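As written, the chain order gives the labels A, B, C, D, E, F, G, H, I, J and K, with residue 1 at the start of each chain.
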Amino acid sequence: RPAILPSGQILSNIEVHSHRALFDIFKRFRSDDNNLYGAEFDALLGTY
Amino acid sequence: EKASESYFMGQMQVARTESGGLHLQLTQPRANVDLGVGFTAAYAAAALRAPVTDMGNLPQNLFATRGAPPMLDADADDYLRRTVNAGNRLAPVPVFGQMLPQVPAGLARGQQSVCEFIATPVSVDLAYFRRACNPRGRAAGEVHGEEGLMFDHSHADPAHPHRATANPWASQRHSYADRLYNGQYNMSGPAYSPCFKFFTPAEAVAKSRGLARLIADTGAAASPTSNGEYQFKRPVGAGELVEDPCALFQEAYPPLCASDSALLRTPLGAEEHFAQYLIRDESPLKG
Amino acid sequence: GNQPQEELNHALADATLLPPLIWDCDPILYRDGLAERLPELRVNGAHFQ
Amino acid sequence: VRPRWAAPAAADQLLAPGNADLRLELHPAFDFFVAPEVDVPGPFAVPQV
Amino acid sequence: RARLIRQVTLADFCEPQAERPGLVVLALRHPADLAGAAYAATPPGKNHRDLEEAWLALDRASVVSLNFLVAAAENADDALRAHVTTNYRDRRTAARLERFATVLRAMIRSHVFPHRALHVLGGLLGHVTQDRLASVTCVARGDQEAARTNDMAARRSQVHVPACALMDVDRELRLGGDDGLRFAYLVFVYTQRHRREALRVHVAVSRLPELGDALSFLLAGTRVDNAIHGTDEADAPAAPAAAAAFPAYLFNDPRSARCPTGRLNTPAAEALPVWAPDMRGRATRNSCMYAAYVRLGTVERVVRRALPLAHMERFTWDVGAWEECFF
Amino acid sequence: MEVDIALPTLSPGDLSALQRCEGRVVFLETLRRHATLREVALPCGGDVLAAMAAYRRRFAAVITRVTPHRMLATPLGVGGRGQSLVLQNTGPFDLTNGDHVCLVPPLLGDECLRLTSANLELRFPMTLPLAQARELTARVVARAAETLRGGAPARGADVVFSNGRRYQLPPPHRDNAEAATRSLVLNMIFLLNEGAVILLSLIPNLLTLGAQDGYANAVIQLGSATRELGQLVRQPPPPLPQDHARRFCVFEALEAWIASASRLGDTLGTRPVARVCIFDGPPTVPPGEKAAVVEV
Amino acid sequence: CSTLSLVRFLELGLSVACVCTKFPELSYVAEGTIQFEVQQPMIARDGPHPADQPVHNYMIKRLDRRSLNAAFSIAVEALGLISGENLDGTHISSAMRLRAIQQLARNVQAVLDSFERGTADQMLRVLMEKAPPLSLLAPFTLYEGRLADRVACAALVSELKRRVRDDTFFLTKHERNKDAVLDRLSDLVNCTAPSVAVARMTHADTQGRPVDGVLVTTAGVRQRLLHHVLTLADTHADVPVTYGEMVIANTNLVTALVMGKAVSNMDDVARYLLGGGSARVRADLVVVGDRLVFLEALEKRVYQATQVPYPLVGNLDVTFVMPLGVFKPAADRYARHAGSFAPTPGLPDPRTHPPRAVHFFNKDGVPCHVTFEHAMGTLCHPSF
Amino acid sequence: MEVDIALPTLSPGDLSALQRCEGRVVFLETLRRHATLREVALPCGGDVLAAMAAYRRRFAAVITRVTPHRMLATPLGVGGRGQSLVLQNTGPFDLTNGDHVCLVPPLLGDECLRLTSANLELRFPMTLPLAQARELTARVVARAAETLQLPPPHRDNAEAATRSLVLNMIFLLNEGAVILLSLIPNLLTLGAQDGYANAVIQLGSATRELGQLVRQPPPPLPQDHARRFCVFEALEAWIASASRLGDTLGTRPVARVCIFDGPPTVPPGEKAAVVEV
Amino acid sequence: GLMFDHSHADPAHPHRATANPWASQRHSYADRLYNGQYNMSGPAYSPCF
Amino acid sequence: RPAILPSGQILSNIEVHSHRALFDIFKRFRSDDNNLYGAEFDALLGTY
Amino acid sequence: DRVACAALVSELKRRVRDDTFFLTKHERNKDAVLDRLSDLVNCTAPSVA
């Protein structure tokens, strides 16, 4: 779910928790949560 | 058939632990999936070995069941206990922690079955027991009849258009025989009830959307009974594969029986003599 | 029930089931003695004089 | 309590695995019963021996 | 290795710069629920708000070093009082010790015993202190010297117990035994006489896995004088009625008055004998409570060496549950 | 010894709810490295006594991370060196640092996951500090008892404190508190009365001694050495011939009482299963929030 | 001493009942699926009622997860000898070490074997649960297309109720006839339907056309069949000796890592969208009807001398019912012959009273009768 | 820690019999690292009550290896709760997976590996599940209370058991307990409208024999029936007592059975893995 | 334990417990004539020994 | 969402509506449904 | 377990009194004799070679 290859760097840092209004989803975990390292996919094997 | 199953085997892995010694416990995950539209396998049940359970008699004892309000004069039901539990196995002996039937000693044949008794007027026609019948009289089941047929009485009995039922004390909603062998009336005991599946509509939640569903479901329905020295109730989780066409028809077969031993003799002859009667054997076990 | 077995077994052994015709008080005098089930007989409104 | 000998025991329910007669019925020519540990004949009132 | 606990708190009772590491610390319950449970727990006759007042007279602070608590009891050797008083940096300290004494003496009077107010943690090893705010750190399992203190003079530590309170048992009871691995128990001793009562603390070691009869005999005088002066201030009625004698002759009476089951109402239940078990002012269990103990761990050796002290030997922290000692 | 549980795929939305219970405990059956969710399931409307008795014949295990495929558990009974683990407190009131937790069924109003897609329910037992649990059980039982005799139905003092805040002890009719607890209060009150009766039958003159000088003296003599005031237990009357319908052998009754009391005392928990050793966190964990624990 | 009978799963004829492919990343996949599409033909009616359009429909079947496992415990006394910690400098400890390592080898040899008979058992466990009985299967296939109105469903259930109770035990109640058995077997073989074709099976006869199915039995029934009704076809068959493979690589990887799915034939879909060793094993065949199937009874090659029951001894279940104390109406009591079971002269006839017991034969044959007083367990209880 | 038990010289007639005792438990008295066999030894069978009282005063130890010189052991519980070891069962009832086990002195005697050369005998205690050990202790203590496959008591220690029992029972009587004692008829009447309510009450209940024979009046209001409530206190006290009544007469369950692969139920005379508590 | 007790029913006809109260209990009449450790052995063979 | 390339063809035909109970989810339609024609995707258009 | 040995001995009791004599009770069923001989041969097990 997270990104693999960033495209553009950000020139200016800012406090993010102030500007929650500009964003549509917002998730801020402390440090190294457990969800990032789940590689669990699902797909069709064969069609007929 | 040539290719009836896809079979995927994963990758093995070796988990260690300590137990005196060292327990290496292998494990390999694998999965399969049917890949043929329609059926791809069948079996016939050709031969027959000895019946794994005895086909004898064992009068079921209710005194292992609770939820029935007792009788006021405690001496009365004390006498009931003191006389009916006498000379009756599977009596709830109050040995520590369980109050369960004591472990019997020695077995004639396979595990002994259990018998029930359902009230019925004396003027029930006898010919209803020659062919395969339903202990209720309303032969509802599910396969032949839409929902609402199991307890209605403004609609005829499908298997006997003549009457409405054949046993008033055993068919009506909230009738007597219902209040003892139903699914949601909390009057079950540790002993198995061979008629538990005949007075139960709780499968109303499991509505049937195809005859093939019931067909495939039969022949592999997990076992409801135990495997000890009796027919005890078993947790539904464990189970075991067993075949039973009863739950598809909700019908029972009459065994070879007669109201006098003097009728069941090698020169069989007449099948109705006097008040004493005989019932020929019409079952899947003609031999 | 302070009654021998026979009265519980049959229905006509009870000392509490009055006969349909009585000429005296002998059955009634025997009736009230069984309070294990509160019995009562109403004669025109009075118990009996 | 009722004496077992007088009130008849049973026809089939005697051979049941529970009753207190099989324990004392094991010879066609002799009987076995329990009795007060006294000499016979003894005094009038039954002693609690 | 061993497992640790860190609890930031106030520097009122355990003062981790004043003592060096290696001494057991206790966790103090929130006092609000103690003051509340008193309202329903103090026995009849006694006061029912005096613990409220005793607490209000001492005004979160959560830990208390055993070195501090042992001083605020009856049993103590005045050398340790002098040490706690003149060696603690803190202001107003002796006054606080006095108030704490009054608190515990109120606790036993109100039948909410301090053993239901002090869970035990391990021995502290480290601390960082602001101005009157500390964060102590104590072991919780494993052996003490698996830790690592930031002293740099003695990385590891031991366990120190005030030798004034350490009561040995086996050599006391003369079991004739031979010192091997012995358990370690922290025990409390209550005594109940209204407005004249106190609390005694001890630290007991022995091979006895089950104290029980051992303390019941050790504290015989306490149990004796506690069972008789404990019911005081409770109005007992006059001489007990003869109807209080529970009739036993009537169980296997073949001929006796009997009642049909389910009819305890107005219908003829009068001929039954009356029996009034009436128990008002007799010694209840909380009245005969005299001691309470809790297992601490296992010990090799105890040596005495200096203020007198008692260095443990290979203490393995294994804390257990509390226990009553009333019978 | 970490077990995984096959998970029959349910749906979106519900799987989020299953993900939210990443800290509770579940009672397995046997230590096998595989198990089906259908196995660890209990009808969330159930008898409290039977559930508390069954909690012994099982193994506790906490739900670690979950995935749409499976969920991982870790048993608490067996273990190596008692490693740390996380636990979601789910009692009615918080628990402090440095104490012992106990596992009791949802005695008060119940909460239960209803996985409507798979058509099964789950019960997650409460997590209580030791003394507070041993007192809450008595609270609910005593309220039911006071109600039983039809006396004053309320006294305004069925409240329990924990770290300041006052708790209300929700009204005893919410889910089935008038039905799923009847068994417990009956089975406890009855045994208490029976013990009292047996004692008084063995010592008939106990409650006719001095109100303050006889009873205390008897108790202190009994606790001390072998005087015992002779056979303080007077010889009970001789029984009937064991077929008379009114036979009463007191000693067999005492035997049955000892057995039943021991059994009931063992099927009540009150033997700690874990101990909070939180570290690097707020020293007091509120309900619903995880808390570092080491198994005992 | 004793050897250890090794067995490979691909040699057995049961392999031709399934396709086996290693999928080394199964431990990662969530619930996988497979998509079918099928297009039912249609015939042109005529007349008043309007015609219909040819129908289409899709479907998917999800997987299910199973697993194998086996314990392999070794002890401390020998663990100290393997790793050399407990090893001593002697001429005697060396021999004990040799013994210990030989024991470990002879143990791992057995535990590795179990993962072949594991599949041998799992395939039977699986197939045994999806195959409906033949009895309930023939007439349903005879009534296809008419199960819309109720009356046809009734005509179908009235025939199921007979097929269950009459065609359920052959070769035990028919031991005089021969072609009835073979014809029942033909119905069994022809009532199913062929599944998807794949080029990886190639399960061929020694000479010619490929095989179609298997026939697993218990040794007794196989013995009764191979000497009266069925003639052995041949004694060998060329089979595949390798598995298949489904791996994730270089196109499935990007999609599985960023999107969350990965189709098996992803390379084919890609290269189309944008432009872009048979072994010989001694198996025993048999010809039935017009087909050619493997005939086995695995009770010996596998499952032998162990602690598991054979999954081919199933369990039938019947519920009997008998009336206890019914009394026939007046107009139905009659002696078939005037010379009746005449009782002893001088005493009255108890054959007129209402009967109060039933007599039935037990499992072996000794009669055991049920009387009213046995119902005391039911008709004497407050529940009444 | 590994207790080391040294052995004297032994005849081959009994060394080979001692080899077979690889999963049974013995009772030391002090936990030194070394200890001679003569020390850990109990006299021949007698006074199962006294012996059961002695197991409380000593901590157990199970043995693992038996060499021609040396015989190891393991102190069962002093600091550990997960030292998974193996010990063989020697009680009649087969113990199943899941439940705890408690040590109980042997009955009838006859279990004595009588060593003639060393001139001593051992009596290894049997291992029973909790549910049945409780009942056995109940039976034996009741029989001891009677005297004011079965051995008779000794009248010198049976009084101690009686004392413990009568104390634990006496301290149940509280001014709150009488309030509960007041609703015996209100309990019996409740045990009539329903089935479970009647089920919980036993048959020789020793209370139904009372509620139908004696009437008791309304209880006297205790001192300050407004501030505090007594039923709660009495019930809490009873819970606290009953939670620890079983062990005070018998012995705490010492270990619970866990098995990872083998068949669930293990028969008598066969070793089975375990974890201690 | 199945041979001499009379609480566990007859394991061949489980209706009753025994089919002959004079030949099944220990020390019965028919037992004291053909038991191996009561020693009334004569010269002739005994098929029911 | 139909398949684009079937792995293998089905050998035998059968009335499939009657055997519908074997399958988990499915759907039939008259002929040439409009839904399976428009297929629109959702794309993230730059990570940062 | 008991349930297995029960049916085992119950089938043994039937196998004794039906198949203790062949080629004297059944000379008509010529093939049944060869059946029984094949059973007899295959029922045993090979020893070490």
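The rule is simple: a residue touches a chain if its C-beta (ideal position, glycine included) is under 8 Å from a C-beta of that chain, and two chains touch if they have at least 3 such contacts.
Participant: When the mean CA coordinate of each chain is compared with the mean CA coordinate of the whole protein, which chain is closest?
Facilitator: Closest chain centre to the overall C-alpha centroid: F.
Participant: Which interface, named by its two chains, has the most contact pairs?
Facilitator: Of all chain pairs, the one joined by the most C-beta contacts is B-G.
Participant: For subunit C and subunit H, let me know how many angstrom lie between their CA-based centres, rounded off.
Facilitator: Here the centre of subunit H sits 59 Å away from the centre of subunit C.
Participant: Based only on mean CA positions, could you tell me how far subunit F sits from subunit G in angstrom?
Facilitator: Whole-Å distance between the two chain centres: 46.
Participant: Taking each chain's centre as its mean C-alpha position, how far apart are subunit C and subunit D in Å?
Facilitator: 38
Participant: I'd like to verify one number: the distance from the centre of subunit D to the centre of subunit K, where each centre is the average of its C-alpha atoms, in whole angstrom.
Facilitator: Result: the chain centres lie 53 Å from each other.
Participant: Touching at least two other chains at once: which residues of subunit D meet that condition?
Facilitator: 16-18
Participant: Multi-chain contacts in subunit E: which residues touch at least two other chains?
Facilitator: Residues 40, 247, 251, 260-262, 277-280, 288, 327 of subunit E each touch two or more of the other chains.
Participant: So which stretches of subunit F touch two or more other chains?
Facilitator: 33, 67-69, 80, 82, 157, 201, 206, 219, 223, 244, 248, 250, 259, 263
Participant: Report the residues of subunit C in contact with subunit E in the complex, numbered from low to high.
Facilitator: 35-36, 38
Participant: List the residues on subunit F that touch subunit D in their complex, please.
Facilitator: Residue list for subunit F touching subunit D: 241, 243-244.
Participant: Could you list, by residue number, the parts of subunit J that touch subunit A in their complex?
Facilitator: Result: residues 3, 5-10, 46-48 of subunit J touch subunit A.
Participant: Would you tell me which residues of subunit A are touching subunit G in their complex?
Facilitator: 1, 4, 39-48
Participant: Could you please specify the touching residues of subunit G with respect to subunit F in the complex?
Facilitator: Within the complex, subunit G touches subunit F at residues 29-31, 62, 65, 67, 69.
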